[PDB]
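Residue strings, one per chain:
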Amino acid sequence: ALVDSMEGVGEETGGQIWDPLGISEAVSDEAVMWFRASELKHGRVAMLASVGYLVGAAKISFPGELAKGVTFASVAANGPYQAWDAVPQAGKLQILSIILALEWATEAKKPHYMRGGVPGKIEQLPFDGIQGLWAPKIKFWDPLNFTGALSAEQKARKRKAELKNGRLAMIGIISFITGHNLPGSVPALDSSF
Amino acid sequence: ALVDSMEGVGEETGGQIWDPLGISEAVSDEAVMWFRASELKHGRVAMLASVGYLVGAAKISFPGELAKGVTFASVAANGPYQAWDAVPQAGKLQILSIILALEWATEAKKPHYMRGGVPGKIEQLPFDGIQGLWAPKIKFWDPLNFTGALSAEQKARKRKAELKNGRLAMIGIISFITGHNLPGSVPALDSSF
Amino acid sequence: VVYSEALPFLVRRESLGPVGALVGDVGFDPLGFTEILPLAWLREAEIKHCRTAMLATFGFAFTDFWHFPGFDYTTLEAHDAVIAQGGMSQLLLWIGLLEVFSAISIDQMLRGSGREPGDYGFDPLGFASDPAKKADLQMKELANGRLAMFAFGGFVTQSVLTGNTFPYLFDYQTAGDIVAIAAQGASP
Amino acid sequence: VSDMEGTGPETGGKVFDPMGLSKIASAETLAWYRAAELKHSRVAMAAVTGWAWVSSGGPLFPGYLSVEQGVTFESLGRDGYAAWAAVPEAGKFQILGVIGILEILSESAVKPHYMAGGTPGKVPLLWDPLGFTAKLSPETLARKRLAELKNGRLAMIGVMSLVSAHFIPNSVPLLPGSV
Amino acid sequence: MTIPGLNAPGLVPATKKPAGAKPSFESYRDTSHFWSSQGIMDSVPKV
Ligand SMILES: CC(=O)O[C@H]1CC(C)(C)C(=C=C/C(C)=C/C=C/C(C)=C/C=C/C=C(C)/C=C/C=C(\C)C(=O)C[C@@]23O[C@]2(C)C[C@@H](O)CC3(C)C)[C@](C)(O)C1
Ligand code: KC2
Ligand code: KC2
Ligand SMILES: CC1=C(C#C/C(C)=C/C=C/C(C)=C/C=C/C=C(C)/C=C/C=C(C)/C=C/[C@@]23O[C@]2(C)C[C@@H](O)CC3(C)C)C(C)(C)C[C@H](O)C1
């Protein structure tokens, strides 16, 4: 809700709300909740993207065919950046369709992160309680229920770890994209990237 | 709810109603009666069609002639799919006319199923009670009264079996037709049918 | 002070009626047609357009795939072809009988018979017979039909613009990559 | 995890979980682990038995597999991977689809779900149609469930030995280099 | 005649072209019933 009560203040920025600009002071409370939800979304997206980009650069690909006549090796041979274009249109159409479904379902839950919901706490079972739609009760987060064996303090510590890993992941994925676009912008990125 | 007091619930979906999309929850009870009546009619028509299509696929036919020029074997020669097209026109018209008579007489019963009567319980004598119309009283279902020998619980179990078999045949006949249309869509069907 | 729930910077009008006499009242009426025309007439027109647009978009999509043996025309030229054949005359005749009866009902409803805006009483299968579900099903009808108007408009316009059968999408959208990230040139 | 069965004298009465994957497992996670173990064990038992029968020299299926297209059980050969390559794609799709239907029936039809407080590995139809394991007491039934787990764990290692011998040649001893 | 279902198929698949470039605006405006001279002259009743 309010930045004083929110997590994320780390040690890297001195046990203090790191807001160099006056954004938190200038904006209202629900704007802060929107920012926190977007921060978590960015961190999680960038974590997945960074791991996938590293895998693509390492050329590790599943044994089989992405499509009939199109092998995972075939799409991965040119590089990580070009693999997305090499993917057939229907596959990423399906990916963006399921992402549309996930985003719309997570946004449709009524205790909204802006309107009295925990920001960043995506509702598990997002496709549940929806008329005209049935999906198996596979939780979006932790389908195996890994977090059940954690205490509240441990869960808070791991939420802090989530935030501090997500910020690094945003930095890393933008580093990968910038290095590929403008060579030499990001060193430690060889020709494979 | 009328949906909570039927025989179609089966252990294959647990001990619970199979309404994934809440269609039965989004309609009034009259539509639920219509749904059960149409479900059972579809199931029964489907199993008639399924066994008939298997018989046609096996090239099994009566000894004799379906007309004065065509033979049963001749009209069955091409296969089950084109058999209906190769049937003579007058025979198709006669089948459609007798089906018209059946589905008019069964509809014209005043207890009905939409308006306060058992859905799926076709009146055993559709053409009785019709003024100035005579029928030989061959009761439509159980003309030789098999179900009379059964107890109430026995025929309840057999009604559950009817619903299960009708749904399975609903799947099966369309599997046959779809396998004929798209080759390899249903791999269990050889090129014969 | 009641503000329109669709445009919270405008006051409700007045001619829209009590907030909620009509399913879907989100107060969306920036141009104030309710002052000129009566709301019952406007709502009858709304539901007629909804139903016709639903049937039209479904028929357009269906005719893009399947047609009867006699009619060997595409969806665009079907109108001219079946006017020449004479079927559209039959559709006009029968829909005109139905529409004369409908117009008599609108006249009675506006003069104060008691009929609701678009309640023809058509309910054979018994959907919405329970009053609890009736308002929700009216709202769903309106939502689906108001979507269907835009659906049919997009269908026809994109169909003529592209020349493609079902998707109404250009050849570059259908064949090429609409999710590309490598730098594009001048043309799609 | 200590009260979940599968422990035996082979571990020493204790749970074998060196990496500590049981510490981070809740009741649902532990149920998932047992369900996956049971499924993998059963699959590996069937796979090892089939591969051993086919490759060893046992009397395989008589007759044709496909009258049209001219594929025969004898013609498919005794190498397991070559046989699964030469079996028709229709047959492969059919086997996979029936297994999928059975998986979805196991997931949905068993309403008290193994994740949502149920018995892991309780596929209802595909067990004992003739009623053999019907009168066994709970003690011997628990003994036999532990037997299932142990035998299938061995079977998983066996089938992985087989595919390792086929992929990385001359990998496992007591498996000729070809497969 | 062709009774649909009795002596002929029921629903028949339609003939379609596999994609194509955008027709020019003047290609269909010059044939449209409202923005073409011949289209307007043909957009009349018949008897
Ligand atoms: C030195 C070296 O490297 O060696 C190599 C070579 C070597 C050793 C060969 C290797 C291997 C592979 C091995 C050893 C693989 C082992 C595989 C294994 C262990 C496979 C079990 C199948 C069980 C089944 C199908 C049981 C069904 C049983 C059924 C259907 C029943 O239980 C039914 C029933 O009983 C009940 C429950 C109740 C009772 O009333 C009776 C009945 C009948 C009704 C390795 C790993 O490569 C190492
Ligand atoms: C976000 C993840 C995701 C999900 C949840 C998901 C679910 C389902 C389901 C639901 C149960 C079905 C039934 C289904 C079916 C097919 N998927 Mg699919 N899919 C996902 C991702 C991708 C990607 C990236 C590709 C892809 C493809 C195919 C092809 C291949 C056809 C072909 O061989 O041409 C078929 C038949 C590939 C493709 O379309 O290639 C042209 C391809 O690249 N999918 N997919
Ligand atoms: C269940 C449905 C059904 C019923 C209840 C029913 C009843 C009666 C009755 C009593 C009420 C009479 C008196 C009668 C008479 C004839 N039926 Mg008929 N019939 C049914 C079905 C078919 C089919 C499928 C065909 C057919 C035919 C003929 C021919 C052959 C003429 C010929 O030799 O050409 C004659 C004379 C065939 C046909 O139309 O042939 C052109 C043909 O294929 N019927 N049919
Ligand atoms: C619901 C509603 C409304 C509406 C509506 C709408 C738009 C309804 C539309 C209905 C529609 C579109 C219904 C088509 C039927 C087609 C038939 C029966 C075809 C016969 C075809 C026959 C008999 C024959 C065809 C042939 O090819 C055959 C087989 C052989 C060939 O030799 C040649 C011929 C030509 C002979 C209102 C009234 C507007 C307002 C109200 O508020 C809400």
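A few words now on the site of ligand 2. Residues and elements named next belong to chain A. Taken together, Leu66, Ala67, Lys68, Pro88, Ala90, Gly91, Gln94, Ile95 and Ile98 make up all the residues around ligand 2. Here an oxygen atom of ligand 2 and a backbone polar atom of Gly91 are 3.5 Å apart. If you list the elements that add at least two residues to the shell around ligand 2, you get β1 (65-67) and α5 (89-108). Here the element with the most residues in the shell around ligand 2 is α5; it accounts for 5 residues.

Take the coordination of the magnesium atom of ligand 2 next. Within the protein, just one atom coordinates the magnesium atom of ligand 2: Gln94 of chain A (OE1), at a distance of 2.7 Å. In this fold, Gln94 of chain A is placed in helix α5.

Turning our eyes to something else, we now look at the site of ligand 3. Residue and element names in this part refer to chain B. Inspection of the region around ligand 3 gives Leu66, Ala67, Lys68, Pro88, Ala90, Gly91, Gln94, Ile95 and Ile98 as its neighbouring residues. Here an oxygen atom of ligand 3 sits 3.1 Å away from a polar atom, N or O, in the main chain of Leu66. At 3.0 Å, a side-chain N or O of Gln94 approaches an oxygen atom of ligand 3. Partitioning the shell around ligand 3 into residue classes produces 6 nonpolar, 2 polar and 1 charged.

All names here are of chain C. When the terminal C-alpha atoms of helix α2 (residues 39-65) are compared, their 39 Å separation across 27 residues agrees well with the 39 Å that a helix rising 1.5 Å per residue should span. Residues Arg43, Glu44, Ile47, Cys50, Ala53, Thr57, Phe60, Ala61 and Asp64 constitute the buried set of α2. Where α2 is buried, its residues touch β1 (66-67), α4 (87-111) and α5 (131-162).

On the surface, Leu93, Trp94, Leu97, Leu98, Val100, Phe101 and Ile104 of chain C cluster together into a nonpolar patch covering about 720 Å² of accessible area. We classify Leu97 of chain C as partly exposed; its relative accessible area is 39%.

Our next topic: the nonpolar core. Residues and elements named next belong to chain D. Ranked by size, the top nonpolar core spans 9 residues in total: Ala44, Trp51, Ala155, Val159, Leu162, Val163, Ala165, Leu175 and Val179. Going through the elements one at a time, α1 (27-56) and α4 (138-167) are the ones with two or more residues in this core. It is α4 that provides the largest number of residues to this core, a total of 5 residues. Each residue touching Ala165, except ones within four places of it in the same chain, is listed here: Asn170, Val172, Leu175, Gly177, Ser178 and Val179.

This paragraph deals with the interface of chain C and chain B. Across the boundary between the two partners, chain C contributes 9 residues, which contact 10 residues of chain B. For the chain C face of the interface with chain B, the top three residues by lost area are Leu125, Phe127 and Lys133 of chain C, together amounting to 61%. Between chain C and chain B we count 0 salt bridges in total. There are 5 residue pairs in polar contact connecting chain C and chain B.

A separate point is the interface of chain E and chain C. Contacts between the two partners involve 19 residues from chain E and, on the opposite side, 20 residues from chain C. When chain E packs against chain C, close to 1,500 Å² is buried across both sides, 62% of that on carbon and sulfur atoms. Between chain E and chain C we count 0 salt bridges in total. If you look at where chain E meets chain C, you find 4 residue pairs in polar contact. By residue class, the composition of the side of chain E that touches chain C is 11 nonpolar, 5 polar and 3 charged. With 2 bridges joining them, β1 of chain C and strand β1 (residues 12-13) of chain E adopt antiparallel strand pairing. Within the sheet, the bridge partner assigned to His67 of chain C lies in β1 of chain E and is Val12 of chain E.

Within the structure shown, the criterion is met by 35 salt bridges over all chains. A salt bridge links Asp128 of chain B to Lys137 of chain B, with the nearest nitrogen and oxygen atoms 4.0 Å apart. Relative accessible area serves as the criterion here: at 39%, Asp128 of chain B is assigned to the partly exposed category. For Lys137 of chain B, a relative accessible area of 53% puts it in the exposed group. Among the salt bridges present, the one from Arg34 of chain D reaches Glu37 of chain D, with a minimum N-O distance of 3.0 Å. Of the two residues, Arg34 of chain D and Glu37 of chain D are both situated in helix α1; the distance of 3 residues between them amounts to about one turn of the helix.

Tracing the chain through its elements places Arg36 of chain B in helix α1 (residues 29-57). Those residues in contact with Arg36 of chain B that sit more than four places away from it in its chain are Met6, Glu7, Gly8, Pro119, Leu163 and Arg167 of chain B.

Once that is clear, we can look at the environment of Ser50 of chain A. Residues and elements named next belong to chain A. Note on placement: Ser50 falls in helix α2 (residues 29-58). Sequence separation between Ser50 and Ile174 is 124 residues, and the spatial gap between their C-alpha atoms is 9.0 Å. Setting aside residues up to four positions removed in sequence, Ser50 forms contacts with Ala169, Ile173 and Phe176. Here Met47 takes part through its backbone oxygen, which lies 2.8 Å from a polar atom of the side chain of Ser50.

Our next topic: the arrangement of the chains. Where the 7 pairs of chains in contact are concerned, the greatest contact count is recorded for chains C and E. For the non-touching pair chain A and chain E, the nearest C-alpha separation works out to 16 Å.

Right, let's get into the packing of α2 of chain C against α5 of chain C. Residues and elements named next belong to chain C. At their nearest, the axes of α2 and α5 sit 7 Å apart, and the two run at 50° to each other. Judged by the angle between their axes, α2 and α5 are oblique. The interaxial crossing formed by α2 with α5 has left-handed handedness. Contacts between α2 and α5 involve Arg43, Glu46, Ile47, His49, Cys50, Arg51, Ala53, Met54, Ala56, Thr57, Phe60 and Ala61 from the first element and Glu141, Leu142, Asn144, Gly145, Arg146, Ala148, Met149, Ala151, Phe152, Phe155, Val156 and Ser159 from the second. The residue inventory of the contact of α2 with α5, partitioned by class, reads 14 nonpolar, 5 polar and 5 charged.

What follows covers the side chain of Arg43 of chain C. Residue and element names in this part refer to chain C. Its place among the elements puts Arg43 in helix α2. Residue classification places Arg43 among the buried positions, given a relative accessible area of 10%. Engagement of the side chain of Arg43 in a polar contact is seen with the backbone oxygen of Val23, the distance being 2.4 Å. Setting aside its immediate chain neighbours within four residues, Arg43 contacts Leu22, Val23, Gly24, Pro117, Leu142 and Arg146.

So, how was this worked out
- Residues numbered from 1 in each chain as written, not as in the entry; some residues may be left out.
- Chains lettered and ligands numbered in written order.
- Part of a larger assembly, values for the part shown.
- Heavy atoms only, no water.
- Near = heavy atom within 4 Å.
- Polar contact = N/O pair within 3.5 Å; in protein donor to acceptor, adjacent residues only side chain to side chain.
- Helix = DSSP H or I, 4+ residues; strand = E, 2+ residues; numbered from the N terminus.
- Donors = N, O, S within 2.8 Å, 3.2 Å for Na, K, Ca; no water.
- Nonpolar A, V, L, I, M, F, W, Y, C, P; charged D, E, K, R; others polar.
- Expected span 1.5 Å × (residues − 1).
- Buried < 20%, exposed > 50% of the residue type's maximum accessible area, 1.4 Å probe, protein only.
- Contact = heavy atoms within 4.5 Å.
- Patch = residues over 30% accessible without salt bridge, like charges linked within 9 Å, V, L, I, M, F, W, Y side chains within 5 Å.
- Areas by Shrake-Rupley, 256 points an atom, 1.4 Å probe, with all protein chains shown as cover.
- Salt bridge = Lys/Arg side-chain N within 4 Å of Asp/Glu carboxyl O.
- Core = buried A, V, L, I, M, F, W, Y, C linked by side-chain atoms within 4.5 Å.
- Buried area = accessible area lost by both parts, 1.4 Å probe.
- Pairing = 2+ DSSP bridges.
- Axes fitted to C-alpha atoms, helices over the stretch in contact; angles between N-to-C directions.
- Parallel < 35°, antiparallel > 145°, perpendicular 65-115°, else oblique.
- Left-handed = near helix turned anticlockwise from the far one by under 90°.

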